[PDB]
Amino acid sequence: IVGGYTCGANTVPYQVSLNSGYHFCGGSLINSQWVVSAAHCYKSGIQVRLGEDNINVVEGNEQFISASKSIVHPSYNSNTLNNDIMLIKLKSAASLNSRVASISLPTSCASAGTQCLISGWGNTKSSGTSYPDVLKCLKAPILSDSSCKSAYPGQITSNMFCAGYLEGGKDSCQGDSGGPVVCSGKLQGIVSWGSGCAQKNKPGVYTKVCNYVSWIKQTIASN
Ligand SMILES: COC(=O)[C@@H]1C[C@@H](N)CN1C
Ligand SMILES: [Ca+2]
């Protein structure tokens with residue numbers, strides 16, 4: 001997250017870190033057994049880390065649970081990043097509490113202008129490179145489809161939306177991948193892609209979660 005703020009320990013209780021020897025992506029806890037992340041975060045050997053603030057220090061509220069299976073969306077295209085969503089099942093159910101909690105799925109899509117919270121452990125620099133240990137947060141509005149499309153000609157599908165600031169300075173970045181965009185208590189987005197970070201007229205692009213609620217529910221119901 002570039003131009004954000006320190007969230008505060010365990011203030012984003014649905015935020016998970018995906019770890020394969022190191023943090024490599026964010027995710028969102030949607031029930032005791034399942035995490036939603038980006039398809040471009042797919043790899044084998046994933047440990048889901050819940051209750052994290054400082055990802056380099058065991059602070060006492062963590063739960064570390066290995067993934068038993070990952071399900072990348074059937075229509076994910078890694079070239080275009082269309083359908084950039086994946087589900088991860090935990091080997092054992094997380095113990096839910098005030099600091100480890102699921103986030104609700106949307107019942108409808110969120111509009112341009114809706115204020116959201118984007119979070120993660122990604123790069124905090126727009127030019128250089130610096131990775132934080134503690135969770136960073138950004139309040140950002142969803143941008144109109146038209147402004148999103150004109151920012152990224154030929155690249156925005158019906159499964160993507162832009163959020164952030166056309167002036168730049170505030171954005172998600174590398175390492176925030178797969179993490180949450182939460183608006184009015186609903187998971188509306190997944191950190192997907194962008195052209196650099198926090199650059200003028202290049203806002204972050206996010207997977208449009210409301211398009212996938214049926215797939216998520218049916219997948220969970222049979223897996
Ligand atoms: C380097 O840029 C990135 O990796 C991006 C930019 C962001 N808006 C979301 N990402 C995962
Ligand atoms: Ca920790």
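For this chain, numbers begin at 1 and follow the sequence in order. Counting convention: from 1, in listed order, for ligands and their atoms alike. All values below come from the heavy atoms of this structure, side chains included, with hydrogens, waters and symmetry mates left out.
Cation-pi geometry between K43 and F24 is met: under 6.0 angstrom from the ring centre, within 45 degrees of the axis. Cation-pi geometry between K208 and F161 is not met at under 6.0 angstrom from the ring centre and within 45 degrees of the axis.
Among the atoms of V57, an N, O or S atom falls under 3.0 Å from the Ca ion (ligand 2). Within the coordination shell of the Ca ion (ligand 2), defined by N, O or S atoms under 3.0 Å, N56 is absent.
Residues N82 and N77 bring no donor and acceptor atom of their side chains to less than 3.5 Å of each other. Using modelled atom types and a 3.5 Å distance limit, the side chains of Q15 and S119 yield a donor-acceptor pair.
Residues passing the side chain to side chain donor-acceptor pair (under 3.5 Å) test with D176, sequence neighbours excluded: none. Here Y76 pairs with nothing under the ring-ring contact (aromatic ring centres under 6.0 Å, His included) rule; sequence neighbours left out. With sequence neighbours left out, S144 forms a side chain to side chain donor-acceptor pair (under 3.5 Å) with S146, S147.
Of all N, O or S atoms in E62, the one lying closest to the Ca ion (ligand 2) is OE2. Atom OE1 is the N/O/S atom of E52 found closest to the Ca ion (ligand 2).
Across all their heavy atoms, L18 and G26 have their closest contact at CD1-O, 3.8 Å.
Protein residues having a heavy atom under 4.0 Å from any atom of ligand 1 are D171, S172, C173, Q174, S177, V191, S192, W193, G194, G196, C197, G204, listed by chain and number.
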